[PDB]
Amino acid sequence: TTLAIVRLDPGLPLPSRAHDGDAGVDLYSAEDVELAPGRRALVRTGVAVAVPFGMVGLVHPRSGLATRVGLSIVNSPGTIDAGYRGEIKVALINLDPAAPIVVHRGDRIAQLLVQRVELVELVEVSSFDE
């Protein structure tokens, strides 16, 4: 499958899959931001994508940063719908009780996966079969 991607911010590298078989491509921060303990920010990644119909984009936290500094994503896994053509934004939060997180423009702050989704049709029933 291909994923069309617009670099809204041309100063950042194109997201790339570091190893073959890696699930995600890393997303970059377009901005310098400091998160005090317990505080959050909505951070621009400088990209937009066109997730194919029948698929979903998923924004996951990076594991390294998660343990080392307690960086997380409030709405994790972030859900990118097929019809979304805006900028991908990452709702970062510092879950460390005492130390700030310094995020720089150019840092890898999340990863983007693409998977198939079942666009189920909901059928209301009165009860389930037992």
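One-based numbering along the sequence shown. In this text, rigid core is short for the largest set of C-alphas that superpose within 1.5 Å between two forms.
Choosing between 13-21 and 102-110, the greater Cα displacement from the shown form in 7 other deposited structures of this protein, fitted by the core, goes with 13-21.
Set 33-41 against 73-81 and average the Cα temperature factors; 33-41 ends up higher.
Mean C-alpha B-factor is higher over 13-21 than over the other stretch, the pair under comparison being 105-113 and 13-21. The PDB entry assigns the greatest CA B-factor among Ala99, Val56, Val59, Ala91 to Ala99.
For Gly64, the recorded CA temperature factor ranks within the highest third of the chain's modelled residues.
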